[PDB]
Amino acid sequence: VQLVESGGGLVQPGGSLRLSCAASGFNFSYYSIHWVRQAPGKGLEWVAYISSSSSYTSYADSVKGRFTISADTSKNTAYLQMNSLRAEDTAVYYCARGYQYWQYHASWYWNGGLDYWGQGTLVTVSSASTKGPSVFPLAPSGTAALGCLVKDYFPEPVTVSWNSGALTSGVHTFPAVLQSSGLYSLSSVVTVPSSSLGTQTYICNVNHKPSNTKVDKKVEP
Amino acid sequence: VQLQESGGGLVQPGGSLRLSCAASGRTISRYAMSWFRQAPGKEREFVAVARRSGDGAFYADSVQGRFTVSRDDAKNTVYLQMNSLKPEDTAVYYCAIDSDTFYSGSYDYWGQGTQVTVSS
Amino acid sequence: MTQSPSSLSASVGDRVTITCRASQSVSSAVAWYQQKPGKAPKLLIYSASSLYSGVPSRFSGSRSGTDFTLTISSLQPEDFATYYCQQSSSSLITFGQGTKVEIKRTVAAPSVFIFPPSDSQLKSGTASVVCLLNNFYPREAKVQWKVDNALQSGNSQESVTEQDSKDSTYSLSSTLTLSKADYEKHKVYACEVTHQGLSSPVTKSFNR
Amino acid sequence: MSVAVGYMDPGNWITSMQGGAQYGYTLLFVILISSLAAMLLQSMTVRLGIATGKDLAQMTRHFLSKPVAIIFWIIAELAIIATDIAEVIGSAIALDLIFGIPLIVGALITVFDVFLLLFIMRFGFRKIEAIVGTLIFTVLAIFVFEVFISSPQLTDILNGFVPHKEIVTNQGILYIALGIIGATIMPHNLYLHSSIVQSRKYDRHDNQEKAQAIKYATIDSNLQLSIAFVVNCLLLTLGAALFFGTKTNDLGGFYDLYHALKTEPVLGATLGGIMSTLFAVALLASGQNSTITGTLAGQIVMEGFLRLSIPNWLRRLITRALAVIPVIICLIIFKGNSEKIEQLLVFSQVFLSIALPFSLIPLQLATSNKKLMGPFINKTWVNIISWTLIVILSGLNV
Amino acid sequence: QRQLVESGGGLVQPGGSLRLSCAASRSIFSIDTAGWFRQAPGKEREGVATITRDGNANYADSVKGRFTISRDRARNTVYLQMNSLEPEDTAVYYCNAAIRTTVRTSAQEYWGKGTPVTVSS
């Protein structure tokens, strides 16, 4: 019973995009399909619902009208059709099996739930283009902290190592946060012995594969 | 707002005391209530916090297992039950209200303190 | 849906309870889900009382009044993730805001560090000032930026790490961003930190 | 005042209709023959009824001894019980259809409810008989309407040629055959007529030329049986035109008719239910009258063979109870199955037709002695002997 | 597949009992062969019982002893009485049918919508 999502790249705001939910195994004409969305770092949120035919379809007010669901029992497939994408819709959309007549059932003493979940695709809306980070030192002034600021890159992800992976203890590479520019920024920090600062070299190795950016930055006291 | 600690005194090593902190001018039920202690010349150090009912109690390394903070919301009083007392626990003990209901330690009101001396 | 506890701390093996306030929906029974960081939420309980086939027996349901609750009898060191309640409605379901269990551990105040902007960045026209709060617990903290003793608003962003898997602490970065011209108008750059483990605010500062 | 009488007895109802749901127009012929036979037999008993100042039961007593008397008394009692079982099942099904109560409760209501018949007797005859006659006549009108496009030569040529291969081979055929016969003769009717003729103001012995009464009574009896024949023929062809030539060849008991009337398309929608409930009412009333007639018969039998007597309410009650026991046994055993109950019903009728000869033989014998005798008793002789062969073959194939 | 309406499900403590009743929508002539299916939330549609034209009452191999199918030839309604319920019988209980509208039209399938049944303290 292997739900599989697909169809998530990068879209300009207001654009449109299809999303494919390939089913398998179970007799598709028996079960519904729900699309549960999750913003970054928030709680889940229900978005759509399509049964076997097209004679059943609810919606959620967030995309009431902007979204067209559709089914095709030929290949057990379900399709989402998003239009007029807004800057916030960036999310990680899912799939989820679930009873067909899930309305006629639900009552004060029964709730079917969503048995099998897919793995999620990452839609992302932006105006923002691919860009490698600027890398700036976070200079240290019995433990010292030092780091690298990895600023104004897009899209995710970046990796940061220290001393070509020889330094791993006490490293914290912060989750990226989106700036008002629509570009990400993060810092990577490490704590080290203050008595080491004069005689140990600290270099952050930054890799942003989408832009082929590789930067080594020496971080001096 | 006023806080008043009581229950200190001279106690033998291994012995027990129960400190009380009575609050007036403020309903404590909405706020975390903390205990600190200060030995002469040292910095005032955290001992324990009783958050609102259900939100947990937290403790300093030095007192974990031996001290227990508890609350009587109805009587606007918080307690520190101190067992297995050590010489190292000798200090003035202080209660403070956390004015931030989100628990960030906005300690605006403090008691005058009650002396605890652990020695034979 | 409003789950009442939101950051329920706990230690291993103990018992814990989690409640989902029926927001006077159709009140059709809840069905608790569980989700670990960055994976697919799993089912745990449907119709508010029965288990899902092949789920450890530590869990349980309860239908107390109109406040549905879940109770973990014994907390295996594996169960540490966010939990979700899901109430049906007339024709659209909605997931709760969700609560998140976490590992009990004796409070740790942050170590605080401040970093001035680099000359390289300044030469490009922008000044990023970074304040680091390292290895603290619980997660709540406040960072206030003062520039020549003036409290800043609207020109900083924070990031917080996921809880460390070994020591169960958090770290936090606050980044103040100024134009070079604004940066060069002022002398004293300070980050002032509070945390419930700190008896008084910690200030780290530099002079430009 | 006005005409009022009930001719449809659930026994013949189910047997005829079944004979038209399963095999079609074949059985038709048999019906006629049975009817004709009964006519003759009526004649005979009526003659015996009017002369010799005796009752067929007393007759039997005057050719037997104590033990064999016990035997034939057992047989007559069993005949009566058979008819009563038929009736009580009819009533129970009627109740379950009209109201919705399960069968067991209806059976019990029927058995210990004879007080209705004293109540309504104290209430008034003419009105109740008029209304039941109206409803039955109207139900029959409904059935007539319901019969549709049909091929006459089929019915005819199957009435005529009598496919003997057919009539004898399918031992499902002999079954419904004996059913129809034993439901058209009904020995209790024989005893009852033998008795009732005894009072028609004939100059009991002081008129050797009282046979005028004989002729009058026989004319009446023949009219009656003829109309019964017409009704039976109708019910049979109804079963035919409503269930034949189909898939799964549904049995065609009562329930199936009750539904087929309701879901009948061309009858609109509500008219379905209307005719439905009308049919239900008809069933109920027919059951009740078929009961009330036979009480006197049971009384006459016991008075004749044992020369003993009882008040009527005790008679009716005890008979009805010993009749209802097999119903409940079958119900509880087979957990409730319309099919099983209707099968019990048909088996009751055929058992009646099995018992018949033990009460037919002495009738012929006695009419061979006294002053008035038939010239061609030969018809009755051939009747009984062919009869015996049929019943013994049907027994044997078991 | 509509125009059938089950009814009767409801909460019930362990070891209770209750009687579900498949039905028809309007004036149906006969129910040839019924069948009651189960679709518990993490499994496949199993199947629990089977009456036939006359009567067969064939059951599953895990239920004999608790489930007593039946029929009501009077008002066309299949029944299903479950007795001494257990916490492993929670599911929605669909109904199948073989409806035949009028006395001569051929048969035709029909599925239901089913009803829930929960068993717990």
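Definitions and limits used
- Residues numbered from 1 in each chain as written, not as in the entry; some residues may be left out.
- Chains lettered and ligands numbered in written order.
- Heavy atoms only, no water.
- Residues with missing side-chain atoms left out of burial classes, pairs and counts.
- Pairing = 2+ DSSP bridges.
- Helix = DSSP H or I, 4+ residues; strand = E, 2+ residues; numbered from the N terminus.
- Expected span 1.5 Å × (residues − 1).
- Contact = heavy atoms within 4.5 Å.
- Buried area = accessible area lost by both parts, 1.4 Å probe.
- Salt bridge = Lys/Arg side-chain N within 4 Å of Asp/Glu carboxyl O.
- Polar contact = N/O pair within 3.5 Å; in protein donor to acceptor, adjacent residues only side chain to side chain.
- Buried < 20%, exposed > 50% of the residue type's maximum accessible area, 1.4 Å probe, protein only.
- Axes fitted to C-alpha atoms, helices over the stretch in contact; angles between N-to-C directions.
- Parallel < 35°, antiparallel > 145°, perpendicular 65-115°, else oblique.
- Left-handed = near helix turned anticlockwise from the far one by under 90°.
- Nonpolar A, V, L, I, M, F, W, Y, C, P; charged D, E, K, R; others polar.
- Disulfide = S-S within 2.5 Å.
- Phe/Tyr/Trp six-rings, centres within 6.5 Å; stacked < 30°, edge-to-face > 60°.
- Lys NZ or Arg CZ within 6 Å of the ring centre and 35° of its normal.
- 1 Å grid on protein atoms, 1.4 Å probe; cavity = no way out; pocket = protein on both sides within 12 Å on 5 of 7 lines; lining within 4 Å.
- Points joined across faces, edges and corners; volume = space filled by probe spheres on them.

Structure determination for this PDB entry is given in the record as cryo-EM, at a resolution of 3.78 Å.

Caption draft 1: Seen up close, the sheet that holds strand β20 (residues 188-194) of chain C. All names here are of chain C. Taken together, the four strands give an open sheet; going across it, the order is β17-β16-β20-β21, and neighbouring strands pair in antiparallel fashion. Whereas interior strands pair on both sides, the edge strands pair on one side only; in this sheet they are β17 (150-151) and β21 (202-207). The pairing of strand β16 (residues 142-147) with β20 spans six bridges and is antiparallel. Note on β20: the bridge partner recorded for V147 is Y189.

Caption draft 2: Structural detail: helix α2 (residues 28-50) of chain D. Here α2(D) contains 23 residues, and its C-alpha end-to-end distance of 34 Å stays within 8% of the 33 Å for a straight helix at 1.5 Å per residue. Positioned one or two residues after α2(D), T52(D) has a phi angle of 60°, which is positive.

Caption draft 3: View of the interface of chain A and chain C. Counting residues at the interface gives 44 residues for chain A and 44 residues for chain C. Buried surface at the junction of chain A and chain C, summed over both partners, amounts to about 3,600 Å²; 61% is from carbon and sulfur atoms. Where chain A meets chain C, there are zero salt bridges. Summed over the shared surface of chain A and chain C, the number is 14 residue pairs in polar contact. At the level of secondary structure, the elements contributing two or more residues to the side of chain A that touches chain C comprise β4 (45-50), β5 (57-59), α1 (102-105), β8 (134-138), β9 (143-153), β12 (177-178) and β13 (184-193) of chain A. Looking at which element gives the most residues to the side of chain A that touches chain C, the answer is β9(A), with six residues.

Caption draft 4: Highlighting the pattern of salt bridges. Applying the stated criterion across every chain, the model contains 27 salt bridges over all chains. As a salt-bridge pair, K36(C) and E78(C) come within 3.5 Å of each other at their nearest N and O atoms. Taken together, the positions of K36(C) in the loop between β4 (33-35) and β5 (42-43) and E78(C) in the loop between β8 (67-72) and β9 (82-84) put the pair 42 residues apart, joining distant regions of the chain. In this structure, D182(C) and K185(C) form a salt bridge, with 3.3 Å as the shortest nitrogen-oxygen distance. For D182(C), a relative accessible area of 34% translates into the label partly exposed. Each of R37(A), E45(A), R66(A), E88(A) and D89(A) takes part in salt bridges that share partners, so that together they form one network.

Caption draft 5: Expanded view of the interface of chain C and chain B. Each partner contributes to the interface: chain C provides ten residues, whereas chain B provides 15 residues. Together, the buried faces of chain C and chain B total about 1,100 Å²; carbon and sulfur atoms form 53% of this surface. The three residues of chain C that bury the most area against chain B are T106(C), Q196(C) and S199(C), which together make up 52% of that side's buried surface. On the surface where chain C and chain B come into contact, there are four residue pairs in polar contact.

Caption draft 6: Here's a closer look at the packing of helix α4 (residues 66-98) of chain D against helix α16 (residues 338-367) of chain D. Residue and element names in this part refer to chain D. Running from N to C, α4 and α16 point in directions that differ by 155°, and their axes come no closer than 9 Å. If you check the angle between α4 and α16, you find them roughly antiparallel. Our pair here, α4 against α16, has a crossing hand that is left-handed. Only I341, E342, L344, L345, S348, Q349, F351, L352, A355 and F358 of α16 make contact with α4, whose side of the interface consists of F72, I75, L78, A79, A82, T83, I85, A86, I89 and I93. Class assignment for the residues of the contact of α4 with α16 results in 16 nonpolar, three polar and one charged.

Caption draft 7: Fine view of the side chain of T71(C). Residue and element names in this part refer to chain C. When you line up the elements, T71 lands in strand β8. For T71, a relative accessible area of 15% puts it in the buried group. A polar contact of 2.3 Å, which involves the side chain of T71, links it to the side chain of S60. Those residues in contact with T71 that sit more than four places away from it in its chain are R15, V16, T17, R58, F59 and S60.

Caption draft 8: Geometry of the state of the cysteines. Residues and elements named next belong to chain E. Throughout the structure, instances matching the rule amount to six disulfides over all chains. What pairs with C22 in a disulfide is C95, and their sulfur atoms sit 2.0 Å apart. The disulfide joining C22 to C95 has a torsion of about -80° about its S-S bond and is therefore left-handed. Residue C22 is located in the loop between β1 (17-21) and β2 (30-31), and its partner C95 is located in strand β8 (residues 91-97); the two are separated by 73 residues in the primary sequence. Of the residues examined, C22 reaches a relative accessible area of 1% and is grouped as buried. Should the bonded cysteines of chain C be numbered as they appear in the sequence, the pairing reads 1-2, 3-4.

Caption draft 9: Structural detail: the arrangement of the chains. Among the five pairs of chains in contact, the pair with the most contacts is chains A and C. The two units chain C and chain D remain apart, with a minimum C-alpha distance of 35 Å. Nothing in chain B touches chain E; the tightest C-alpha to C-alpha distance between them is still 26 Å.

Caption draft 10: Structural view of the sheet that holds strand β19 (residues 170-179) of chain C. All names here are of chain C. If you walk across this open sheet you meet the four strands as β14-β15-β19-β18, and the pairing is antiparallel. For this open sheet the edge positions go to β14 (111-115) and β18 (156-160), each flanked by a neighbour on one side alone. When strand polarity is set aside, the average angle formed by the axes of neighbouring strands in this sheet is 15°. Where β14 lies against strand β15 (residues 126-136), five bridges are found, and the strand directions are antiparallel. Counted as the bridge partner of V112 is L133 from β15.

Caption draft 11: Summary view of α4(D). Across its 33 residues, α4(D) extends 48 Å between first and last C-alpha, which sits within 8% of the 48 Å expected from 1.5 Å per residue. Of the residues trailing α4(D), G100(D) is marked for its positive phi of about 130°.

Caption draft 12: Structural context of the packing of aromatic side chains. In the structure shown here, the tally under the stated rule is 27 aromatic pairs over all chains. When the centroid spacing of 6.0 Å and the interplanar angle of 80° are considered together, the rings of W117(A) and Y33(C) count as edge-to-face. Of the two residues, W117(A) is situated in the loop between α1 and β8 and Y33(C) in strand β4; the pairing between them involves two chains. Considering the side-chain rings of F37(E) and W111(E), the 5.3 Å spacing of their centres and the 75° angle between planes classify their relative orientation as edge-to-face. Of the two residues, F37(E) is situated in strand β3 (residues 35-38) and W111(E) in strand β10 (residues 110-111); the sequence distance between them amounts to 74 residues. We classify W111(E) as buried; its relative accessible area is 16%. Three or more aromatic residues joined by ring pairs form one cluster here, namely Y94(A), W117(A), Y33(C) and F95(C). In this structure, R45(E) packs its charged tip against the face of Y94(E), placed 4.3 Å from the ring centre. Here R73(E) stacks its cationic end above the ring of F29(E), 5.8 Å away from the centre of that ring.

Caption draft 13: Just empty space enclosed by the protein, in detail. Residue and element names in this part refer to chain A. Estimates place the volume of the largest cavity at around 140 Å³. If you trace the largest cavity, you find 14 residues lining it, with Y99, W102, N111, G112 and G113 closest to the centre. Residue composition of the lining of the largest cavity, by class: six nonpolar, eight polar and no charged.

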